[PDB]
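Before any comments, here is the structure.
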Amino acid sequence: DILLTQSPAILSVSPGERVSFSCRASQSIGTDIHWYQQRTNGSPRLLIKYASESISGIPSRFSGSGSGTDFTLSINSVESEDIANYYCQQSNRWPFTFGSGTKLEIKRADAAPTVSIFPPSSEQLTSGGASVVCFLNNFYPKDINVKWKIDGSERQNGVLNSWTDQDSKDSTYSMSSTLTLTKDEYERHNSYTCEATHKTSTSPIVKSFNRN
Amino acid sequence: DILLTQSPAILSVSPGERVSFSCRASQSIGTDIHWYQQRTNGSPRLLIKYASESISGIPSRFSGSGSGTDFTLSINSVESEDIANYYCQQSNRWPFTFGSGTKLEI
Amino acid sequence: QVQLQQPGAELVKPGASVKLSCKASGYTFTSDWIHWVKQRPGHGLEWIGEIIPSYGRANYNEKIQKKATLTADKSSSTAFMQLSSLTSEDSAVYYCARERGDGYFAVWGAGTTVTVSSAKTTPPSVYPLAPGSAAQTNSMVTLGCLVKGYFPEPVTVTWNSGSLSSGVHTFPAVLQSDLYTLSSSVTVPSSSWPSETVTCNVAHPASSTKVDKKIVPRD
Amino acid sequence: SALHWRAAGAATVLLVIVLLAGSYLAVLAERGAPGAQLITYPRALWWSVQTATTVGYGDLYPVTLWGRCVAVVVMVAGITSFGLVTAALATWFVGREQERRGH
């Protein structure tokens, strides 16, 4: 079967710049190559068909080129909405096959995180639980560390973090640190703090809140 | 003449696991590849013909795939009776040729 | 209008076997082929098989273990895929797409999330997240709502039934003892709250439940 | 209207039908066979036409038994159709040469 090689796997580029992903077929497939876009959690979307033919509804920003074994999908002037995974697919010979995929990644200006701390909900406490949510939104680079402190004392148990893939709205990243305790453990403690340490500033950004 | 490369030479796998031997032809042979099994002291036994067509009497466990120059013989869920040597053979161009063989080892 | 419709999710016990659906609408020709692609989390697209409704024939990917059986119901315009004896390995998002016989996938379905576990289907619990009483604020305000204790994936979190799109982050769920947990974050002008209601819509296809939860300030 | 001319006409409508069906059947038969290229309608149509006219460039051809069976039918239809036209042109020339002499 035909093998479609997509390298590099990840592409980093500055906003507005021109960018190109390559797709190499293990054998000559004419122009029977097609390009698909897939953003975080969406389904694939046809960008270019038959190597260079454009589809309607696709920003004139996207073009295709190539023939035989070497194909290129270019984006003249990249922008946040372009952050996704790009795949190539051939219909020259059966069975149709797909490329391994190339992730487009934009490099934007440094942005410090927007921290927000949230005290557990009453509806939740009403059922024995207590979750202290903290958001580290729209920062960049994506390297960020979050520290919890219960009554001035660093906490590390019951903490589960979650990061978002690069945002396709502004090329930033966001993280959600969730400190989960029982109403009990929560009832017997004063202040809850969430400290964020990010390249944007030596000083750690912090948000606290006392149960009363 | 067409050269059939079978590497790795030896394959080690845990019982029940899935396993695959590869066979590479020095040139495009379509699907004119066939697979043979040969246990210790027995004669070869046809497993798969024409790259993917199954033979009757062969555990549904054995499958084949590939076209052109890259062919694969897979065994879904290996078991002791599968311990043997596996060879590939092409009939695309004269003379028919054989692969060097791959020993399955559990 | 949405051309290929597929059930949001399907829970299956190891060894069991679910049958996915994909119903089409719009122009349907005799040259149409419906394909099925499998996408394991984090990995790429893997072609599973194809079927030509107008005739009923289907072909499958030989490089992999055949765990699917494609069929098509002419009258209802629905293509079906029967996956049998699944395992953790079979858990993934399965898409169906339509190919006009010219080689490329014109349109894809939203895909069906298939999770193969022993765990039981548990609807999600939604709690509000409003700033604390002593948190000052500027031009924008960050509200959000927590979705926890659900299984299996996924959950779809919209804000104000979709009207409020700009400023939303719906973090990837974390798993812990057969139950997922995630949070969604929304940011609106601090002036426009709570005068204008901000509600988070959480849908969990696996349990056939979609619940609302308005975000009002703390007492 | 003379038979030879009716046949010629029929032969043409027929050939067209065969080309179209041939294209469809070919793709249907070829898909599922690794390495097959006769797998999309547009080119299949181009394939059948070049097969019916017996030109066959080799850029496309069936590799499965049913595909080849479909090819034979197309080849034969194209050959018979075009031959039937030649035959009609002969009956026309023969019939009119008899005129240029009297009968």
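Letters A, B, ... go to the chains of the structure tokens in the order shown; residues in each chain start at 1; ligands are counted from 1 in the same order.
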Return as CSV the residues of chain B lying at most 8 Å from chain D, together with the closest atom-to-atom pair for each and the distance in Å to one decimal, counting only C-alpha atoms, with rows in chain order and ascending residue number.
```
residue,atom,partner,partner_atom,distance
B:30,CA,D:35,CA,6.7
B:31,CA,D:34,CA,7.4
B:66,CA,D:34,CA,7.0
B:67,CA,D:34,CA,5.8
B:68,CA,D:35,CA,7.0
```
Would you mind exporting the chosen residues as a tab-separated table (two decimals), in the first residue's frame, restricted to C-alpha atoms?
```tsv
chain	number	residue	atom	x	y	z
B	30	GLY	CA	1.67	-6.66	-7.52
B	31	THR	CA	0.15	-9.22	-5.19
B	66	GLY	CA	0.44	-5.79	0.96
B	67	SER	CA	0.99	-4.99	-2.68
B	68	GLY	CA	3.90	-3.92	-4.85
```
Mind running stretch 60-102 of chain C against stretch 87-95 of chain A at 10 Å and telling me each contacting residue's nearest atom pair with the distance in Å (one decimal), counting only C-alpha atoms, chain and number ascending, as a tab-separated table?
```
residue	atom	partner	partner_atom	distance
C:60	CA	A:95	CA	8.5
C:61	CA	A:95	CA	7.1
C:62	CA	A:95	CA	9.0
C:101	CA	A:91	CA	9.9
C:102	CA	A:91	CA	8.2
```
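In plain terms, chain A touches chain B through residues 1, 2, 27 and 94 of chain A, where touching means an atom at most 10 Å away, counting only C-alpha atoms.
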Export of the given selection (N, CA and C atoms) as a PDB file, in the first residue's frame:
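Output saved as selection_3.pdb:
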```pdb
ATOM      1  N   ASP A   1       0.850  -1.229   0.000  1.00  0.00           N
ATOM      2  CA  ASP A   1       0.000   0.000   0.000  1.00  0.00           C
ATOM      3  C   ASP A   1       0.861   1.246   0.000  1.00  0.00           C
ATOM      4  N   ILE A   2       0.309   2.334  -0.525  1.00  0.00           N
ATOM      5  CA  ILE A   2       1.032   3.591  -0.612  1.00  0.00           C
ATOM      6  C   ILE A   2       1.218   4.242   0.736  1.00  0.00           C
ATOM      7  N   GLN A  27       5.327   6.185  -3.714  1.00  0.00           N
ATOM      8  CA  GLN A  27       5.351   5.940  -5.156  1.00  0.00           C
ATOM      9  C   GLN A  27       4.548   7.011  -5.892  1.00  0.00           C
ATOM     10  N   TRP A  94      -5.781   1.649  -4.594  1.00  0.00           N
ATOM     11  CA  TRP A  94      -6.524   1.092  -3.471  1.00  0.00           C
ATOM     12  C   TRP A  94      -5.565   0.384  -2.521  1.00  0.00           C
TER      13      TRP A  94
END
```
Using only C-alpha atoms, what table do you get, as CSV, when you list each residue of stretch 11-95 of chain D with an atom no more than 10 Å from stretch 22-34 of chain C, its nearest pair of atoms, and their distance in Å rounded to one decimal, rows by chain then rising number?
```
residue,atom,partner,partner_atom,distance
D:24,CA,C:31,CA,7.7
D:27,CA,C:31,CA,9.6
D:28,CA,C:31,CA,9.6
D:40,CA,C:31,CA,9.3
D:41,CA,C:31,CA,7.7
```
Expected file: the selected residues, C-alpha atoms, as a PDB file, in the first residue's frame:
```pdb
ATOM      1  CA  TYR D  24     -19.395   1.732 -13.009  1.00  0.00           C
ATOM      2  CA  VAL D  27     -14.725   0.592 -10.219  1.00  0.00           C
ATOM      3  CA  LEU D  28     -17.031  -1.753  -8.381  1.00  0.00           C
ATOM      4  CA  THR D  40     -12.699   6.260  -9.509  1.00  0.00           C
ATOM      5  CA  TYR D  41     -15.556   6.882 -11.942  1.00  0.00           C
TER       6      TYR D  41
END
```
Worksheet item: Excluding same-chain residues fewer than 4 positions from residue D:73, what lies within 9 Å of it counting only C-alpha atoms, as a list in words?
Response: residues 18, 22, 52, 68, 69, 77 and 78 of chain D
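Checking B:15, B:64, B:95, B:101 one by one against chain C, counting only C-alpha atoms, you find the shortest gap at B:64.
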Please identify all polymer residues within 7 Å of stretch 167-179 of chain A, counting only C-alpha atoms, omitting same-chain residues fewer than 6 positions from it, and present them as a CSV table (one decimal) with N, CA, C and O atoms, in the first residue's frame.
```csv
chain,number,residue,atom,x,y,z
A,80,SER,N,-4.2,32.4,13.7
A,80,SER,CA,-4.7,31.6,14.8
A,80,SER,C,-5.8,30.5,14.4
A,80,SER,O,-5.7,29.4,14.9
A,81,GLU,N,-6.7,30.9,13.5
A,81,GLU,CA,-7.7,29.9,13.1
A,81,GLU,C,-7.1,28.7,12.4
A,81,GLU,O,-7.7,27.7,12.2
A,82,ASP,N,-5.8,28.8,12.0
A,82,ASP,CA,-5.2,27.8,11.2
A,82,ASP,C,-4.5,26.7,12.1
A,82,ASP,O,-4.0,25.7,11.6
A,83,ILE,N,-4.5,27.0,13.4
A,83,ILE,CA,-3.9,26.0,14.3
A,83,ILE,C,-4.8,24.7,14.4
A,83,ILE,O,-5.9,24.7,14.9
A,106,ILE,N,1.6,28.1,16.1
A,106,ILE,CA,2.0,29.5,16.0
A,106,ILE,C,2.7,30.0,17.2
A,106,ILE,O,2.4,29.7,18.3
A,108,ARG,N,3.4,33.3,19.1
A,108,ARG,CA,2.9,34.6,19.3
A,108,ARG,C,3.7,35.4,20.4
A,108,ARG,O,4.7,34.8,21.0
A,131,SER,N,-14.7,21.3,45.6
A,131,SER,CA,-13.7,21.5,44.6
A,131,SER,C,-13.2,23.0,44.4
A,131,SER,O,-14.1,23.8,44.1
A,132,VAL,N,-12.0,23.2,44.6
A,132,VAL,CA,-11.5,24.6,44.4
A,132,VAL,C,-10.8,24.7,43.1
A,132,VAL,O,-9.7,24.2,42.9
A,133,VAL,N,-11.5,25.3,42.1
A,133,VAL,CA,-11.0,25.5,40.8
A,133,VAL,C,-10.2,26.7,40.6
A,133,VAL,O,-10.5,27.8,41.1
A,134,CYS,N,-9.1,26.6,39.8
A,134,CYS,CA,-8.3,27.8,39.5
A,134,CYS,C,-7.9,27.7,38.1
A,134,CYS,O,-7.6,26.7,37.5
A,135,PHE,N,-8.1,28.9,37.4
A,135,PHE,CA,-7.8,29.0,36.0
A,135,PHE,C,-6.5,29.8,35.6
A,135,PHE,O,-6.3,30.9,36.2
A,136,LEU,N,-5.7,29.2,34.7
A,136,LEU,CA,-4.5,29.9,34.3
A,136,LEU,C,-4.8,30.1,32.8
A,136,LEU,O,-4.3,29.4,31.9
A,137,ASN,N,-5.6,31.2,32.5
A,137,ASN,CA,-6.0,31.4,31.1
A,137,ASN,C,-5.2,32.4,30.2
A,137,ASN,O,-4.7,33.4,30.7
A,138,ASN,N,-5.1,32.0,28.9
A,138,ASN,CA,-4.5,32.8,27.9
A,138,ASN,C,-3.1,33.3,28.1
A,138,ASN,O,-2.7,34.4,27.9
A,139,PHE,N,-2.2,32.3,28.4
A,139,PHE,CA,-0.8,32.7,28.6
A,139,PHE,C,0.0,32.1,27.5
A,139,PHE,O,-0.5,31.3,26.6
A,140,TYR,N,1.3,32.5,27.4
A,140,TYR,CA,2.2,32.0,26.4
A,140,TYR,C,3.6,32.5,26.7
A,140,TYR,O,3.8,33.7,27.0
A,142,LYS,N,3.6,28.1,26.6
A,142,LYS,CA,2.7,27.2,27.3
A,142,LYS,C,3.3,26.6,28.6
A,142,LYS,O,2.6,25.9,29.3
A,158,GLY,N,-4.7,15.7,46.0
A,158,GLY,CA,-6.0,15.9,45.4
A,158,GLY,C,-6.0,17.0,44.3
A,158,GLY,O,-7.0,17.5,44.0
A,159,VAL,N,-4.8,17.3,43.8
A,159,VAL,CA,-4.7,18.3,42.7
A,159,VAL,C,-4.5,17.6,41.4
A,159,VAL,O,-3.6,16.9,41.1
A,160,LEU,N,-5.5,17.9,40.4
A,160,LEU,CA,-5.4,17.4,39.1
A,160,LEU,C,-5.4,18.6,38.1
A,160,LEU,O,-6.3,19.4,38.1
A,161,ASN,N,-4.4,18.6,37.2
A,161,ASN,CA,-4.3,19.7,36.2
A,161,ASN,C,-4.8,19.2,34.9
A,161,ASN,O,-4.8,18.0,34.6
C,171,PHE,N,-11.5,22.8,29.0
C,171,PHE,CA,-10.4,21.9,29.3
C,171,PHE,C,-10.6,20.5,29.1
C,171,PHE,O,-11.7,20.0,29.3
```
Interface rows for chain A against chain C: nearest pair, Å to one decimal, 7 Å, only C-alpha atoms, as a Markdown table:
```
| residue | atom | partner | partner_atom | distance |
| --- | --- | --- | --- | --- |
| A:34 | CA | C:104 | CA | 6.6 |
| A:43 | CA | C:110 | CA | 5.8 |
| A:44 | CA | C:108 | CA | 6.6 |
| A:46 | CA | C:106 | CA | 6.3 |
| A:49 | CA | C:104 | CA | 6.8 |
| A:91 | CA | C:103 | CA | 5.0 |
| A:97 | CA | C:47 | CA | 6.7 |
| A:98 | CA | C:45 | CA | 6.5 |
| A:100 | CA | C:44 | CA | 5.9 |
| A:101 | CA | C:44 | CA | 6.4 |
| A:118 | CA | C:131 | CA | 5.8 |
| A:119 | CA | C:132 | CA | 6.2 |
| A:121 | CA | C:127 | CA | 6.2 |
| A:123 | CA | C:127 | CA | 6.5 |
| A:124 | CA | C:127 | CA | 6.4 |
| A:162 | CA | C:172 | CA | 6.1 |
| A:163 | CA | C:171 | CA | 6.4 |
| A:164 | CA | C:171 | CA | 5.6 |
| A:176 | CA | C:171 | CA | 6.9 |
```
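The space separating atom CA of residue C:86 from atom CA of residue C:67 comes to 7.7 Å.
Near residue C:12, within a cut-off of 7 Å and counting only C-alpha atoms, sit the residues residues 18, 115, 116 and 117 of chain C, with same-chain residues fewer than 6 positions away left out.
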Using only C-alpha atoms, tabulate the residues of chain B lying at most 12 Å from any atom of chain C, each with its closest atom pair and that distance in Å to one decimal, by chain and increasing residue number, as CSV.
```
residue,atom,partner,partner_atom,distance
B:18,CA,C:65,CA,9.6
B:19,CA,C:65,CA,11.3
B:20,CA,C:63,CA,10.2
B:22,CA,C:63,CA,11.8
B:51,CA,C:62,CA,10.2
B:52,CA,C:62,CA,7.9
B:53,CA,C:62,CA,10.8
B:60,CA,C:65,CA,11.3
B:61,CA,C:65,CA,9.9
B:62,CA,C:65,CA,10.4
B:63,CA,C:62,CA,8.2
B:64,CA,C:62,CA,7.4
B:65,CA,C:62,CA,5.6
B:66,CA,C:63,CA,7.4
B:67,CA,C:62,CA,10.7
B:70,CA,C:63,CA,11.2
B:71,CA,C:63,CA,9.6
B:72,CA,C:63,CA,7.9
B:73,CA,C:63,CA,9.4
B:74,CA,C:63,CA,8.8
B:75,CA,C:65,CA,9.7
B:76,CA,C:65,CA,7.5
B:77,CA,C:65,CA,10.8
```
Please dump the current selection as a short mmCIF file (atom, residue, chain, number, x, y, z; two decimals), in the first residue's frame; keep N, CA and C atoms.
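What landed in out_36.cif:
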```
data_model
loop_
_atom_site.label_atom_id
_atom_site.label_comp_id
_atom_site.auth_asym_id
_atom_site.auth_seq_id
_atom_site.Cartn_x
_atom_site.Cartn_y
_atom_site.Cartn_z
N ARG B 18 -0.24 -10.38 18.99
CA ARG B 18 -0.36 -10.31 17.53
C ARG B 18 1.07 -10.23 16.99
N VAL B 19 1.32 -10.81 15.82
CA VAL B 19 2.67 -10.79 15.26
C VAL B 19 2.66 -10.62 13.74
N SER B 20 3.70 -9.98 13.21
CA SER B 20 3.81 -9.76 11.77
C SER B 20 5.23 -9.90 11.20
N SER B 22 7.68 -9.42 7.82
CA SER B 22 7.64 -8.63 6.61
C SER B 22 8.43 -9.29 5.48
N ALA B 51 -0.78 -12.86 -1.74
CA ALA B 51 -0.70 -11.83 -0.71
C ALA B 51 -1.78 -11.79 0.36
N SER B 52 -3.03 -12.00 -0.02
CA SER B 52 -4.12 -11.92 0.95
C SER B 52 -5.18 -13.03 0.90
N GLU B 53 -5.26 -13.76 -0.21
CA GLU B 53 -6.25 -14.83 -0.31
C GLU B 53 -5.93 -15.96 0.66
N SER B 60 -8.11 -19.37 10.82
CA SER B 60 -8.56 -18.03 10.45
C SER B 60 -7.64 -16.99 11.10
N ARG B 61 -6.75 -17.49 11.95
CA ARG B 61 -5.77 -16.70 12.69
C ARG B 61 -4.74 -16.02 11.77
N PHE B 62 -4.48 -16.63 10.61
CA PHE B 62 -3.51 -16.15 9.62
C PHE B 62 -4.08 -15.23 8.55
N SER B 63 -3.47 -14.07 8.38
CA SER B 63 -3.93 -13.14 7.34
C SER B 63 -2.73 -12.60 6.58
N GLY B 64 -2.98 -12.10 5.39
CA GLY B 64 -1.91 -11.52 4.61
C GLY B 64 -2.32 -10.14 4.14
N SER B 65 -1.34 -9.32 3.76
CA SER B 65 -1.61 -7.98 3.26
C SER B 65 -0.40 -7.43 2.52
N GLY B 66 -0.63 -6.41 1.71
CA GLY B 66 0.44 -5.79 0.96
C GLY B 66 0.21 -5.80 -0.53
N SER B 67 1.05 -5.05 -1.24
CA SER B 67 0.99 -4.99 -2.68
C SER B 67 2.21 -4.21 -3.13
N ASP B 70 5.99 -4.30 -0.63
CA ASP B 70 5.92 -4.58 0.80
C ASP B 70 4.73 -5.44 1.18
N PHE B 71 5.04 -6.64 1.67
CA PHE B 71 4.04 -7.62 2.08
C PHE B 71 4.16 -8.05 3.53
N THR B 72 3.01 -8.28 4.15
CA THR B 72 2.96 -8.67 5.56
C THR B 72 2.11 -9.93 5.80
N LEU B 73 2.62 -10.84 6.62
CA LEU B 73 1.87 -12.04 6.98
C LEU B 73 1.62 -11.90 8.48
N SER B 74 0.37 -11.71 8.89
CA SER B 74 0.10 -11.57 10.31
C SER B 74 -0.58 -12.78 10.92
N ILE B 75 -0.36 -12.96 12.22
CA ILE B 75 -0.97 -14.03 12.99
C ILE B 75 -1.61 -13.31 14.17
N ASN B 76 -2.94 -13.25 14.19
CA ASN B 76 -3.62 -12.59 15.30
C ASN B 76 -3.66 -13.64 16.40
N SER B 77 -3.03 -13.35 17.54
CA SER B 77 -3.00 -14.30 18.66
C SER B 77 -2.14 -15.52 18.38
#
```
Discussion item. Taking 6 positions as the minimum chain separation for residues in the same chain, which residues sit within 7 Å of residue B:102 when counting only C-alpha atoms? Answer as a ChimeraX atom specification.
Written reply: /B:6-10,85-87
Could you write out the selected residues, including C-alpha atoms, as a CSV table (one decimal), in the first residue's frame?
```
chain,number,residue,atom,x,y,z
B,6,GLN,CA,12.7,-11.2,5.1
B,7,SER,CA,13.7,-9.2,8.2
B,8,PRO,CA,13.8,-9.6,11.1
B,9,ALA,CA,15.2,-13.1,10.8
B,10,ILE,CA,13.8,-14.1,14.2
B,85,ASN,CA,9.8,-20.9,9.9
B,86,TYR,CA,7.9,-18.6,7.5
B,87,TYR,CA,8.8,-18.0,3.9
```
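The protein and nucleic acid residues lying at most 8 Å from residue B:80 are residues 15, 78, 82, 83 and 106 of chain B, with only C-alpha atoms considered and sequence neighbours fewer than 2 positions away removed.
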